[PDB]
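Shown next: data33.txt, containing compact mmCIF, C-alpha atoms.
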# COMPACT_ATOMS: atom_id res chain seq x y z
CA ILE A 1 -43.52 30.59 6.44
CA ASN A 2 -40.41 30.34 8.62
CA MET A 3 -39.42 34.00 8.75
CA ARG A 4 -37.53 33.03 11.90
CA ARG A 5 -35.26 30.49 10.20
CA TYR A 6 -34.86 32.81 7.22
CA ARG A 7 -33.50 35.55 9.48
CA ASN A 8 -31.36 33.08 11.45
CA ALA A 9 -29.63 32.15 8.20
CA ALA A 10 -29.58 35.62 6.60
CA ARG A 11 -27.89 37.38 9.54
CA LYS A 12 -24.54 35.65 9.01
CA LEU A 13 -24.12 37.12 5.51
CA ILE A 14 -24.27 40.76 6.60
CA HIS A 15 -22.46 39.84 9.81
CA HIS A 16 -19.47 38.66 7.77
CA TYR A 17 -19.56 41.47 5.22
CA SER A 18 -19.81 44.18 7.88
CA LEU A 19 -17.11 42.68 10.07
CA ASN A 20 -14.70 39.90 9.20
CA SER A 21 -16.15 36.93 11.04
CA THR A 22 -13.61 34.18 11.60
CA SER A 23 -16.31 31.76 10.55
CA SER A 24 -16.12 30.54 6.96
CA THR A 25 -18.07 28.97 4.07
CA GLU A 26 -20.77 31.59 4.53
CA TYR A 27 -21.58 31.64 0.83
CA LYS A 28 -24.79 30.42 -0.69
CA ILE A 29 -27.28 32.05 -3.04
CA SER A 30 -30.34 30.68 -1.27
CA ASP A 31 -29.25 32.48 1.90
CA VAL A 32 -29.02 35.75 -0.04
CA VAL A 33 -32.49 35.21 -1.49
CA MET A 34 -33.98 34.51 1.94
CA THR A 35 -32.24 37.65 3.23
CA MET A 36 -33.89 39.72 0.51
CA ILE A 37 -37.26 38.10 1.22
CA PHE A 38 -36.98 38.90 4.93
CA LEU A 39 -36.06 42.50 4.14
CA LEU A 40 -39.02 42.75 1.76
CA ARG A 41 -41.38 41.41 4.42
CA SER A 42 -39.88 43.70 7.10
CA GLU A 43 -41.74 46.99 6.61
CA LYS A 44 -39.55 48.78 9.15
CA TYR A 45 -36.51 47.67 7.12
CA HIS A 46 -38.00 48.45 3.70
CA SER A 47 -35.92 51.63 3.62
CA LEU A 48 -32.75 49.56 3.92
CA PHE A 49 -34.05 47.00 1.43
CA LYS A 50 -34.80 49.66 -1.19
CA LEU A 51 -31.39 51.23 -0.63
CA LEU A 52 -29.59 47.91 -1.01
CA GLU A 53 -31.58 47.34 -4.19
CA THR A 54 -29.62 50.20 -5.77
CA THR A 55 -26.97 48.12 -7.49
CA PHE A 56 -26.44 49.53 -10.98
CA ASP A 57 -23.50 51.66 -12.00
CA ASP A 58 -24.96 54.02 -14.61
CA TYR A 59 -27.75 54.81 -12.11
CA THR A 60 -25.83 54.93 -8.83
CA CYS A 61 -28.23 57.20 -7.01
CA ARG A 62 -28.32 56.38 -3.31
CA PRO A 63 -30.83 58.98 -2.06
CA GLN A 64 -30.21 61.74 0.42
CA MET A 65 -31.60 60.90 3.84
CA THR A 66 -31.91 63.16 6.86
CA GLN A 67 -29.51 62.33 9.68
CA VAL A 68 -32.64 61.45 11.66
CA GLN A 69 -33.56 58.69 9.19
CA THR A 70 -29.96 57.51 8.98
CA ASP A 71 -29.71 57.18 12.77
CA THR A 72 -33.03 55.34 13.02
CA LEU A 73 -31.78 52.97 10.32
CA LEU A 74 -28.50 52.36 12.14
CA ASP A 75 -30.46 51.62 15.32
CA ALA A 76 -32.58 49.10 13.42
CA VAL A 77 -29.42 47.56 11.95
CA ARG A 78 -27.61 47.22 15.29
CA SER A 79 -30.69 45.85 17.06
CA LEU A 80 -31.33 43.20 14.40
CA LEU A 81 -27.63 42.33 14.62
CA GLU A 82 -27.93 42.12 18.43
CA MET A 83 -24.64 44.06 18.44
CA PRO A 84 -25.32 47.61 19.62
CA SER A 85 -22.08 47.10 21.57
CA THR A 86 -20.49 49.03 18.70
CA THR A 87 -21.51 51.04 15.65
CA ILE A 88 -19.76 51.03 12.27
CA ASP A 89 -19.65 53.68 9.56
CA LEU A 90 -22.57 53.51 7.15
CA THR A 91 -19.77 53.95 4.62
CA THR A 92 -18.62 50.39 5.36
CA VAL A 93 -22.13 49.13 4.64
CA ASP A 94 -22.32 51.06 1.37
CA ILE A 95 -18.94 49.63 0.39
CA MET A 96 -20.32 46.15 1.03
CA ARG A 97 -23.31 47.17 -1.08
CA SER A 98 -20.93 47.98 -3.93
CA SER A 99 -19.32 44.59 -3.32
CA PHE A 100 -22.73 42.98 -3.71
CA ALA A 101 -23.08 44.94 -6.95
CA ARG A 102 -19.86 43.26 -8.08
CA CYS A 103 -21.32 39.87 -7.14
CA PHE A 104 -24.58 40.65 -8.94
CA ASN A 105 -22.84 41.69 -12.15
CA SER A 106 -20.56 38.64 -11.95
CA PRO A 107 -22.19 35.53 -13.49
CA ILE A 108 -19.75 33.37 -11.52
CA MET A 109 -20.44 29.73 -12.34
CA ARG A 110 -19.56 26.31 -10.85
CA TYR A 111 -15.96 27.51 -10.60
CA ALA A 112 -15.39 28.90 -7.11
CA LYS A 113 -14.21 32.28 -8.37
CA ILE A 114 -13.57 33.68 -4.91
CA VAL A 115 -13.14 37.40 -5.45
CA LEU A 116 -10.34 37.53 -2.86
CA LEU A 117 -9.91 41.26 -3.55
CA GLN A 118 -10.04 43.72 -0.71
CA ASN A 119 -12.88 46.15 -1.27
CA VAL A 120 -12.10 48.86 -3.83
CA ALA A 121 -15.25 50.94 -3.33
CA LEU A 122 -14.80 54.59 -2.35
CA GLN A 123 -15.59 58.05 -3.75
CA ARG A 124 -13.68 61.21 -4.67
CA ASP A 125 -10.36 59.91 -3.34
CA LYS A 126 -6.95 60.78 -4.70
CA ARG A 127 -4.44 58.05 -5.49
CA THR A 128 -1.89 57.99 -2.68
CA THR A 129 0.97 55.91 -1.31
CA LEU A 130 3.68 56.03 1.35
CA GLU A 131 5.18 59.12 -0.31
CA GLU A 132 2.08 61.27 0.15
CA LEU A 133 1.48 59.64 3.53
CA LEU A 134 4.91 60.56 4.92
CA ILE A 135 4.68 64.07 3.48
CA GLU A 136 1.34 64.49 5.24
CA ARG A 137 2.41 63.03 8.56
CA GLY A 138 5.12 65.35 9.83
CA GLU A 139 3.13 68.50 10.58
CA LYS A 140 0.09 66.61 11.87
CA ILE A 141 2.37 64.84 14.34
CA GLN A 142 4.68 67.64 15.43
CA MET A 143 1.81 70.08 15.99
CA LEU A 144 0.96 68.40 19.31
CA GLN A 145 2.90 67.68 22.47
CA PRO A 146 2.54 64.21 24.00
CA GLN A 147 0.02 64.12 26.81
CA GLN A 148 1.76 62.84 29.92
CA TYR A 149 3.90 60.38 31.83
CA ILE A 150 4.50 59.59 35.49
CA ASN A 151 6.44 56.86 37.26
CA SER A 152 4.58 54.10 39.10
CA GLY A 153 7.29 51.80 40.43
CA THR A 154 8.25 51.35 36.82
CA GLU A 155 11.49 49.44 37.01
CA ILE A 156 11.59 45.80 35.90
CA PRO A 157 8.68 43.83 37.35
CA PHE A 158 9.55 40.14 37.34
CA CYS A 159 8.12 36.62 37.59
CA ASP A 160 6.51 34.85 40.56
CA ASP A 161 5.81 31.33 41.85
CA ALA A 162 6.03 28.69 39.13
CA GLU A 163 3.20 26.69 40.71
CA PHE A 164 1.04 29.78 41.03
CA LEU A 165 1.60 30.09 37.29
CA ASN A 166 0.88 26.39 36.77
CA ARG A 167 -2.61 27.10 38.06
CA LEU A 168 -3.21 29.36 35.06
CA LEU A 169 -1.34 26.87 32.88
CA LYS A 170 -3.84 24.13 33.73
CA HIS A 171 -6.71 26.56 33.19
CA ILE A 172 -5.27 27.30 29.74
CA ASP A 173 -4.40 23.71 28.92
CA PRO A 174 -7.15 22.35 26.64
CA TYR A 175 -7.76 25.14 24.20
CA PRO A 176 -7.09 25.21 20.42
CA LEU A 177 -4.25 27.67 20.97
CA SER A 178 -2.38 26.38 17.91
CA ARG A 179 -5.35 27.60 15.86
CA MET A 180 -6.12 30.70 17.94
CA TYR A 181 -3.74 32.68 15.72
CA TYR A 182 -6.01 32.27 12.71
CA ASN A 183 -9.09 32.11 14.91
CA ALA A 184 -8.67 35.83 15.48
CA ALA A 185 -5.31 37.50 15.21
CA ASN A 186 -4.09 37.12 11.65
CA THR A 187 -7.48 37.46 9.98
CA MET A 188 -8.19 40.62 11.95
CA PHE A 189 -4.81 42.16 11.12
CA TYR A 190 -5.07 41.43 7.42
CA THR A 191 -8.63 42.73 7.26
CA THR A 192 -7.67 45.87 9.18
CA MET A 193 -6.01 47.36 6.11
CA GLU A 194 -9.24 48.72 4.65
CA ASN A 195 -7.71 51.91 6.03
CA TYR A 196 -5.81 51.88 2.74
CA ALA A 197 -9.11 52.01 0.89
CA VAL A 198 -9.84 54.91 3.19
CA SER A 199 -8.13 57.66 1.18
CA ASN A 200 -7.24 55.10 -1.50
CA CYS A 201 -3.78 54.01 -0.52
CA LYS A 202 -2.99 51.23 -3.00
CA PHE A 203 -2.37 48.38 -0.58
CA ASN A 204 0.09 45.79 -1.88
CA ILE A 205 0.39 42.25 -0.57
CA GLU A 206 3.74 42.28 -2.35
CA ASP A 207 5.44 43.34 0.88
CA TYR A 208 2.81 41.97 3.27
CA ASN A 209 4.11 38.59 2.10
CA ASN A 210 7.50 39.53 3.56
CA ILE A 211 6.48 37.69 6.76
CA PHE A 212 6.93 34.48 4.82
CA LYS A 213 10.58 34.81 3.84
CA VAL A 214 11.10 36.40 7.26
CA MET A 215 10.00 33.32 9.16
CA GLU A 216 12.52 31.02 7.46
CA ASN A 217 15.43 32.56 9.34
CA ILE A 218 14.76 30.83 12.66
CA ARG A 219 14.86 27.48 10.88
CA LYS A 220 17.98 28.58 9.01
CA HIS A 221 19.66 29.29 12.35
CA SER A 222 18.12 26.13 13.86
CA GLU B 1 -35.31 63.29 46.06
CA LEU B 2 -32.95 62.47 43.20
CA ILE B 3 -32.30 59.00 41.76
CA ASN B 4 -31.14 57.66 38.39
CA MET B 5 -33.32 54.59 38.72
CA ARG B 6 -33.15 54.07 34.95
CA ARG B 7 -29.39 53.57 34.69
CA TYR B 8 -29.38 51.69 37.99
CA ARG B 9 -31.93 49.28 36.54
CA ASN B 10 -29.98 48.95 33.30
CA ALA B 11 -26.71 48.08 35.00
CA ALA B 12 -28.56 45.76 37.37
CA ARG B 13 -30.30 43.90 34.54
CA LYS B 14 -26.97 43.52 32.74
CA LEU B 15 -25.41 42.24 35.96
CA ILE B 16 -28.14 39.74 36.77
CA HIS B 17 -28.11 38.49 33.18
CA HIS B 18 -24.44 37.56 33.04
CA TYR B 19 -24.26 36.77 36.75
CA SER B 20 -27.11 34.26 37.10
CA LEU B 21 -26.72 32.81 33.58
CA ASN B 22 -23.07 32.81 32.52
CA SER B 23 -22.06 31.88 36.10
CA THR B 24 -18.66 33.53 35.57
CA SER B 25 -16.56 36.21 37.23
CA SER B 26 -18.14 39.68 37.30
CA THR B 27 -14.85 41.41 36.50
CA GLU B 28 -16.69 44.10 34.53
CA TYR B 29 -18.89 45.11 37.47
CA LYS B 30 -18.31 46.80 40.81
CA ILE B 31 -19.56 47.12 44.36
CA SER B 32 -21.06 50.54 43.65
CA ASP B 33 -23.12 48.88 40.93
CA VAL B 34 -24.31 46.16 43.30
CA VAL B 35 -25.30 48.88 45.77
CA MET B 36 -27.34 50.70 43.14
CA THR B 37 -28.90 47.31 42.40
CA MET B 38 -30.16 47.11 45.97
CA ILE B 39 -31.38 50.71 45.74
CA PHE B 40 -33.46 49.81 42.70
CA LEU B 41 -34.72 46.69 44.47
CA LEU B 42 -35.78 48.61 47.57
CA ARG B 43 -37.68 51.26 45.63
CA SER B 44 -39.11 48.87 43.01
CA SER C 1 -0.12 40.03 37.92
CA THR C 2 1.91 42.70 39.72
CA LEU C 3 0.09 45.27 37.60
CA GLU C 4 -3.03 47.10 38.60
CA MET C 5 -4.23 44.61 36.05
CA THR C 6 -7.70 46.06 35.36
CA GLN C 7 -8.76 42.78 33.83
CA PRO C 8 -11.49 43.96 31.40
CA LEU C 9 -8.60 44.83 29.13
CA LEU C 10 -10.58 45.79 26.03
CA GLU C 11 -12.93 48.14 27.87
CA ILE C 12 -10.03 49.58 29.88
CA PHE C 13 -8.42 50.46 26.56
CA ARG C 14 -11.86 51.67 25.40
CA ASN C 15 -12.23 54.02 28.38
CA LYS C 16 -10.47 57.11 26.94
CA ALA C 17 -11.01 58.78 30.33
CA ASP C 18 -7.39 58.07 31.30
CA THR C 19 -4.16 57.33 29.46
CA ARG C 20 -1.77 56.54 32.33
CA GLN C 21 -2.76 52.87 32.34
CA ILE C 22 -2.57 52.70 28.54
CA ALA C 23 0.95 54.14 28.49
CA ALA C 24 2.09 51.89 31.34
CA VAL C 25 0.73 48.80 29.57
CA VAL C 26 2.51 49.79 26.36
CA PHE C 27 5.84 50.47 28.07
CA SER C 28 5.68 47.31 30.18
CA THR C 29 4.97 45.23 27.09
CA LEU C 30 7.96 46.80 25.36
CA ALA C 31 10.17 45.90 28.31
CA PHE C 32 8.72 42.39 28.31
CA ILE C 33 9.65 41.85 24.66
CA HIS C 34 13.11 43.33 25.20
CA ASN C 35 13.86 41.08 28.18
CA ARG C 36 12.53 38.17 26.16
CA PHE C 37 14.91 38.86 23.28
CA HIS C 38 17.82 39.37 25.68
CA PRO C 39 18.04 38.16 29.29
CA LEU C 40 19.70 41.29 30.73
CA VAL C 41 18.30 44.61 29.48
CA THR C 42 16.55 47.74 30.72
CA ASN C 43 15.57 51.24 29.61
CA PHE C 44 16.16 54.58 31.30
CA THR C 45 13.14 55.11 33.50
CA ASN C 46 12.96 58.82 34.33
CA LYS C 47 10.19 59.78 31.91
CA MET C 48 9.02 59.21 28.34
CA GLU C 49 5.99 61.45 27.83
CA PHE C 50 3.92 59.83 25.09
CA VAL C 51 1.08 60.41 22.66
CA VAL C 52 -2.45 59.22 21.94
CA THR C 53 -3.60 59.11 18.31
CA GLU C 54 -7.26 59.90 17.71
CA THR C 55 -8.16 59.70 14.02
CA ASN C 56 -7.12 58.26 10.67
CA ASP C 57 -5.95 61.72 9.62
CA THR C 58 -3.52 61.51 12.56
CA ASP D 1 -9.27 29.90 40.29
CA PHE D 2 -9.36 33.09 38.23
CA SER D 3 -12.02 32.49 35.55
CA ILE D 4 -9.72 33.66 32.74
CA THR D 5 -11.97 33.52 29.70
CA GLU D 6 -10.65 31.45 26.81
CA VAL D 7 -12.05 33.98 24.33
CA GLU D 8 -10.57 37.13 25.87
CA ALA D 9 -7.28 35.28 26.24
CA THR D 10 -7.27 35.60 22.45
CA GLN D 11 -7.11 39.40 22.60
CA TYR D 12 -4.65 39.08 25.48
CA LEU D 13 -2.41 37.27 23.00
CA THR D 14 -3.04 39.16 19.79
CA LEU D 15 -1.47 42.51 20.69
CA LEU D 16 1.89 40.86 21.39
CA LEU D 17 2.58 40.04 17.74
CA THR D 18 1.97 43.64 16.67
CA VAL D 19 4.14 44.92 19.52
CA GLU D 20 6.93 42.54 18.51
CA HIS D 21 6.63 43.72 14.91
CA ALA D 22 7.17 47.26 16.21
CA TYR D 23 10.08 46.09 18.38
CA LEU D 24 11.79 45.00 15.17
CA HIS D 25 11.70 48.52 13.73
CA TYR D 26 12.74 49.99 17.07
CA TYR D 27 15.81 47.75 17.12
CA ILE D 28 16.70 48.56 13.52
CA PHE D 29 16.48 52.29 14.17
CA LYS D 30 18.36 52.13 17.46
CA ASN D 31 21.21 50.35 15.69
CA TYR D 32 21.27 52.32 12.42
CA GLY D 33 19.71 55.78 12.80
CA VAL D 34 16.88 57.52 11.02
CA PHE D 35 17.74 56.88 7.39
Mind converting the file's structure to structure tokens?
Amino acid sequence: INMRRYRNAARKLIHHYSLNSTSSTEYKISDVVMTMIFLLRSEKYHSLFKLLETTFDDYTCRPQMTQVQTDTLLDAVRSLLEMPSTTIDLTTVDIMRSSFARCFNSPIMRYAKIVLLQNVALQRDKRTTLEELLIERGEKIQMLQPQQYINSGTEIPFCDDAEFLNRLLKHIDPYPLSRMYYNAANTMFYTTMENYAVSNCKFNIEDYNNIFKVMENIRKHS
Amino acid sequence: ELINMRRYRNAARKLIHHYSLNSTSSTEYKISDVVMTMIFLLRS
Amino acid sequence: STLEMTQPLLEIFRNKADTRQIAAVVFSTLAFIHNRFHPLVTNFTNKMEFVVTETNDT
Amino acid sequence: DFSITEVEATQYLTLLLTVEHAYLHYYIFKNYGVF
């Protein structure tokens, strides 16, 4: 039984859900199943497996766990991910769990019903928007002085030898720079806005789209 | 005597990993860290 | 290249132990964009004491 | 001969777009005040 291969596949699913991998076409059901099998056959991870099992709304009953247990679990998680280099809020993982509950309850068929929604899961929020946000901000900002500044030969640094630069040019030359924008930047920006779900700001693409009509203007002015 | 052999070892392992395997510039790492590497070597 | 570049940019920003470099990077980038947009521009240089934001609540 | 990593060059780039986006608002303010 190729536990090894099963894990090798499985990983990517959680990897994506946790953090927005710029890979794609992650989806398959078999991968999910193998993930669950691995978790079942991973005693040390059985705690996580039994938590992730909890996927039913009328019975949403994620148990209390001592901070000790929670930390041990997060260690396990990070290790298995081979990414201790950072740690993410358990809350993110539970939100992804609620997402998986969506998936479970959705009998999505041949039709590629990509959910496309940004995650709505969260608890005990209040509905908020830019109004509330602004009202909040002022005091929290003005209560603190800025830290510091000092001069360091500040004024107008400028360019240097063009051929010196052509060195770096040639270094840079081959890469898929035209794609690099999607390959990290834009995806990461757009995904960053889960902060809106934090404290339930109703994010709207309806202005995020503004970029599109914005970009025309250069072509208008040739 | 007083030595933080543990952290010295950890930084040294990290170094040697990227250094001998990725074969790329050690911009993350510093001379002090190399020194502690030799300390660990000499005592190990 | 003239900068005290501190190449491991992400970890430099991840340091938290100092903010001088962070502020200088910010400011210099601002100037860069400005001089991009127009060829002949500058900002008064005496001091602009600035802030670090620490949490979503802030 | 500087070993500039292709990957990290990505992050080196990415900030600039955000900063430019800010620059827009800065310009608008500087020309038209708070409101």
For a cut-off of 12 Å around (-4.3, 40.2, 6.2), file coordinates, pick out all residues using all atoms listed in the file and list them as a compact mmCIF listing (two decimals) with C-alpha atoms, in the coordinates of the input.
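Result file result-v1.txt:
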# COMPACT_ATOMS: atom_id res chain seq x y z
CA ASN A 20 -14.70 39.90 9.20
CA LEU A 116 -10.34 37.53 -2.86
CA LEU A 117 -9.91 41.26 -3.55
CA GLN A 118 -10.04 43.72 -0.71
CA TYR A 182 -6.01 32.27 12.71
CA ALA A 184 -8.67 35.83 15.48
CA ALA A 185 -5.31 37.50 15.21
CA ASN A 186 -4.09 37.12 11.65
CA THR A 187 -7.48 37.46 9.98
CA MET A 188 -8.19 40.62 11.95
CA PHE A 189 -4.81 42.16 11.12
CA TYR A 190 -5.07 41.43 7.42
CA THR A 191 -8.63 42.73 7.26
CA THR A 192 -7.67 45.87 9.18
CA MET A 193 -6.01 47.36 6.11
CA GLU A 194 -9.24 48.72 4.65
CA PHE A 203 -2.37 48.38 -0.58
CA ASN A 204 0.09 45.79 -1.88
CA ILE A 205 0.39 42.25 -0.57
CA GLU A 206 3.74 42.28 -2.35
CA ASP A 207 5.44 43.34 0.88
CA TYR A 208 2.81 41.97 3.27
CA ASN A 209 4.11 38.59 2.10
CA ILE A 211 6.48 37.69 6.76
Between CA of residue 19 in chain C and CA of residue 49 in chain C - distance in Å to one decimal: 11.1 Å
Polymer residues at most 10 Å from residue 3 in chain B, all atoms listed in the file, same-chain spacing of 2 or more positions, as a PyMOL selection string: chain B and resi 1+5-8+36+39-40
Interface list for chain C, partner chain B, 10 Å threshold, all atoms listed in the file, as a PyMOL selection string: chain C and resi 6-9+11-12
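Minimum distance to chain A across C:50, C:21, C:57, C:10 (counting all atoms listed in the file) occurs at C:50.
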Residues of chain A within 8 Å of chain D, counting only C-alpha atoms, as a PyMOL selection string: chain A and resi 167-168+171-172+175+180-181+184-185
Chain C contacts to chain D at 8 Å (all atoms listed in the file) as a VMD selection string: chain C and resid 9 29 to 30 33 to 34
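Distances to residue 16 in chain B were evaluated for B:2, B:32, B:37, B:44 using only C-alpha atoms, and the minimum falls at B:37.
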Å distance separating CA of residue 196 in chain A from CA of residue 127 in chain A, one decimal place: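 Computing it gives 10.4 Å between the two atoms.
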Write out, as CSV, each residue of chain C that has an atom at most 8 Å from chain A, together with the closest pair of atoms and their distance in Å to one decimal, counting all atoms listed in the file, rows going by chain and rising number.
residue,atom,partner,partner_atom,distance
C:2,CA,A:157,CA,7.3
C:20,CA,A:149,CA,6.9
C:23,CA,A:149,CA,7.7
C:31,CA,A:156,CA,7.7
C:42,CA,A:156,CA,7.4
C:45,CA,A:155,CA,6.9
C:46,CA,A:151,CA,7.4
C:47,CA,A:149,CA,6.3
C:48,CA,A:149,CA,6.3
C:49,CA,A:149,CA,4.6
C:50,CA,A:146,CA,4.7
C:51,CA,A:146,CA,4.3
C:52,CA,A:147,CA,7.3
C:56,CA,A:195,CA,7.9
C:58,CA,A:140,CA,6.3
Point-to-point distance in Å for CA of residue 22 in chain A and CA of residue 183 in chain A: 6.0 Å
Spatial neighbours of residue 46 in chain A, 12 Å, all atoms listed in the file, chain gap at least 5 places, as a ChimeraX atom specification: /A:36-41,51-53,73,76-77
Same residues, C-alpha atoms, output as a short mmCIF file (atom, residue, chain, number, x, y, z; two decimals), in the frame of the given file:
data_model
loop_
_atom_site.label_atom_id
_atom_site.label_comp_id
_atom_site.auth_asym_id
_atom_site.auth_seq_id
_atom_site.Cartn_x
_atom_site.Cartn_y
_atom_site.Cartn_z
CA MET A 36 -33.89 39.72 0.51
CA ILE A 37 -37.26 38.10 1.22
CA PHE A 38 -36.98 38.90 4.93
CA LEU A 39 -36.06 42.50 4.14
CA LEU A 40 -39.02 42.75 1.76
CA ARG A 41 -41.38 41.41 4.42
CA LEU A 51 -31.39 51.23 -0.63
CA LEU A 52 -29.59 47.91 -1.01
CA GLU A 53 -31.58 47.34 -4.19
CA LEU A 73 -31.78 52.97 10.32
CA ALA A 76 -32.58 49.10 13.42
CA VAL A 77 -29.42 47.56 11.95
#
